[PDB]
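Structure below is my_file36.pdb: PDB, C-alpha atoms and all ligand atoms.
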```pdb
ATOM      1  CA  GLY W   1      40.021 -35.964 -14.270  1.00  0.00           C
ATOM      2  CA  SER W   2      37.464 -33.159 -14.364  1.00  0.00           C
ATOM      3  CA  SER W   3      37.476 -29.412 -15.014  1.00  0.00           C
ATOM      4  CA  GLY W   4      35.187 -26.401 -14.740  1.00  0.00           C
ATOM      5  CA  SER W   5      35.516 -23.647 -12.148  1.00  0.00           C
ATOM      6  CA  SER W   6      33.510 -20.428 -12.448  1.00  0.00           C
ATOM      7  CA  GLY W   7      32.341 -17.821  -9.955  1.00  0.00           C
ATOM      8  CA  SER W   8      31.371 -14.227 -10.695  1.00  0.00           C
ATOM      9  CA  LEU W   9      30.828 -11.652  -7.949  1.00  0.00           C
ATOM     10  CA  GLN W  10      27.392 -10.160  -8.608  1.00  0.00           C
ATOM     11  CA  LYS W  11      23.875  -9.964  -7.170  1.00  0.00           C
ATOM     12  CA  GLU W  12      20.557  -8.204  -7.773  1.00  0.00           C
ATOM     13  CA  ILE W  13      16.958  -8.234  -6.545  1.00  0.00           C
ATOM     14  CA  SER W  14      14.008  -9.016  -8.815  1.00  0.00           C
ATOM     15  CA  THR W  15      10.835  -6.942  -9.131  1.00  0.00           C
ATOM     16  CA  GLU W  16       9.094  -9.609  -7.054  1.00  0.00           C
ATOM     17  CA  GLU W  17      11.036  -9.035  -3.834  1.00  0.00           C
ATOM     18  CA  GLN W  18      11.793  -5.366  -4.491  1.00  0.00           C
ATOM     19  CA  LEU W  19       8.123  -4.464  -4.924  1.00  0.00           C
ATOM     20  CA  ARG W  20       7.231  -6.665  -1.954  1.00  0.00           C
ATOM     21  CA  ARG W  21       9.311  -4.137  -0.017  1.00  0.00           C
ATOM     22  CA  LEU W  22       7.765  -0.854  -1.161  1.00  0.00           C
ATOM     23  CA  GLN W  23       4.446  -2.148  -2.494  1.00  0.00           C
ATOM     24  CA  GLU W  24       3.936  -3.631   0.972  1.00  0.00           C
ATOM     25  CA  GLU W  25       4.816  -0.343   2.673  1.00  0.00           C
ATOM     26  CA  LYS W  26       2.442   2.150   1.055  1.00  0.00           C
ATOM     27  CA  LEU W  27      -0.547  -0.069   0.266  1.00  0.00           C
ATOM     28  CA  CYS W  28      -3.303  -0.615   2.830  1.00  0.00           C
ATOM     29  CA  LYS W  29      -2.157  -1.049   6.431  1.00  0.00           C
ATOM     30  CA  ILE W  30      -5.326  -2.414   8.029  1.00  0.00           C
ATOM     31  CA  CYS W  31      -5.800  -5.491   5.845  1.00  0.00           C
ATOM     32  CA  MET W  32      -2.567  -5.145   3.871  1.00  0.00           C
ATOM     33  CA  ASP W  33      -4.170  -6.969   0.942  1.00  0.00           C
ATOM     34  CA  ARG W  34      -5.223  -4.294  -1.547  1.00  0.00           C
ATOM     35  CA  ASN W  35      -3.640  -1.022  -2.673  1.00  0.00           C
ATOM     36  CA  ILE W  36      -4.521   2.363  -1.182  1.00  0.00           C
ATOM     37  CA  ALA W  37      -6.665   4.268  -3.680  1.00  0.00           C
ATOM     38  CA  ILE W  38      -8.871   6.294  -1.336  1.00  0.00           C
ATOM     39  CA  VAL W  39      -8.417   9.076   1.217  1.00  0.00           C
ATOM     40  CA  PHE W  40     -10.339  10.438   4.202  1.00  0.00           C
ATOM     41  CA  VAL W  41     -12.037  13.785   4.825  1.00  0.00           C
ATOM     42  CA  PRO W  42     -11.202  16.144   6.100  1.00  0.00           C
ATOM     43  CA  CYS W  43      -7.990  14.450   7.231  1.00  0.00           C
ATOM     44  CA  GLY W  44      -6.553  12.966   4.052  1.00  0.00           C
ATOM     45  CA  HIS W  45      -5.092   9.592   4.999  1.00  0.00           C
ATOM     46  CA  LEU W  46      -4.742   7.036   2.201  1.00  0.00           C
ATOM     47  CA  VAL W  47      -3.645   4.462   4.778  1.00  0.00           C
ATOM     48  CA  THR W  48      -6.656   2.390   3.728  1.00  0.00           C
ATOM     49  CA  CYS W  49      -7.856   0.713   0.532  1.00  0.00           C
ATOM     50  CA  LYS W  50     -11.177   0.956  -1.306  1.00  0.00           C
ATOM     51  CA  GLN W  51     -12.510  -1.877   0.856  1.00  0.00           C
ATOM     52  CA  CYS W  52     -11.258  -0.726   4.258  1.00  0.00           C
ATOM     53  CA  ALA W  53     -11.658   2.982   3.508  1.00  0.00           C
ATOM     54  CA  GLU W  54     -15.331   2.212   2.882  1.00  0.00           C
ATOM     55  CA  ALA W  55     -15.643  -0.287   5.731  1.00  0.00           C
ATOM     56  CA  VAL W  56     -14.372   2.244   8.270  1.00  0.00           C
ATOM     57  CA  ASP W  57     -16.946   4.977   8.878  1.00  0.00           C
ATOM     58  CA  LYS W  58     -14.337   7.247  10.464  1.00  0.00           C
ATOM     59  CA  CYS W  59     -10.571   7.516  10.006  1.00  0.00           C
ATOM     60  CA  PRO W  60      -9.141   4.437  11.772  1.00  0.00           C
ATOM     61  CA  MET W  61      -6.253   6.667  12.842  1.00  0.00           C
ATOM     62  CA  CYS W  62      -7.838  10.070  13.456  1.00  0.00           C
ATOM     63  CA  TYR W  63     -11.273   8.693  14.338  1.00  0.00           C
ATOM     64  CA  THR W  64     -12.496  11.569  12.169  1.00  0.00           C
ATOM     65  CA  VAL W  65     -15.859  10.766  10.586  1.00  0.00           C
ATOM     66  CA  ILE W  66     -15.475  10.214   6.843  1.00  0.00           C
ATOM     67  CA  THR W  67     -18.146  12.296   5.114  1.00  0.00           C
ATOM     68  CA  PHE W  68     -16.303  12.081   1.794  1.00  0.00           C
ATOM     69  CA  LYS W  69     -14.536   9.297  -0.105  1.00  0.00           C
ATOM     70  CA  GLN W  70     -12.054  11.061  -2.385  1.00  0.00           C
ATOM     71  CA  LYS W  71     -10.255   8.901  -4.948  1.00  0.00           C
ATOM     72  CA  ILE W  72      -6.608   9.569  -5.794  1.00  0.00           C
ATOM     73  CA  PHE W  73      -4.590   8.544  -8.851  1.00  0.00           C
ATOM     74  CA  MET W  74      -1.103   7.956  -7.452  1.00  0.00           C
ATOM     75  CA  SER W  75      -0.391   5.230 -10.009  1.00  0.00           C
TER
HETATM   76 ZN    ZN N 101      -7.531  -2.669   3.102  1.00  0.00          ZN
HETATM   77 ZN    ZN N 102      -7.043  10.639   9.257  1.00  0.00          ZN
END
```

Conversion result in structure tokens:
Amino acid sequence: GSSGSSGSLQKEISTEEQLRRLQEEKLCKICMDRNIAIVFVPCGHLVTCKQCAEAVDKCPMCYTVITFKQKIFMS
């Protein structure tokens, strides 16, 4: 003889997964390791992070020479 039957209908996502969805959608796209905190000039494309942005001499998407490393403050 035993008892105990419970079951509530609910569900939610934690910051871990959630963020992993957006955080991994805006951040760098080349290495996808760090967060995008730099743009390109003239074409402003923050599709790269401090590392990449610097590594790539010219926009890896617009092949437009980067003669300026502007830093944004999205956060
Ligand atoms: Zn990167
Ligand atoms: Zn560009």

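For the set W:65, W:32, W:55, W:72, the residue with the smallest atom-to-atom gap to ligand ZN 101 (chain N) is W:32, counting all atoms listed in the file.
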
Output of the PyMOL selection byres (((chain W and resi 41) around 10) and not hetatm), listed as a list in words: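 Checking the PyMOL selection byres (((chain W and resi 41) around 10) and not hetatm) against this file, the residues are residues 39, 40, 42, 43, 44, 45, 58, 59, 64, 65, 66, 67, 68, 69 and 70 of chain W.
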
Using all atoms listed in the file, list the residues that have an atom at most 8 Å from (-7.6, -0.3, -1.3), coordinates as in the file, as an MDAnalysis selection string. chainID W and resid 27:28 33:38 48:53

With distances taken over all atoms listed in the file, which of W:54, W:71, W:31, W:21 is nearest to ligand ZN 101 (chain N)? W:31

Point out the residue among W:63, W:12, W:75, W:30 with the least atom-to-atom distance to ligand ZN 102 (chain N), counting all atoms listed in the file. W:63
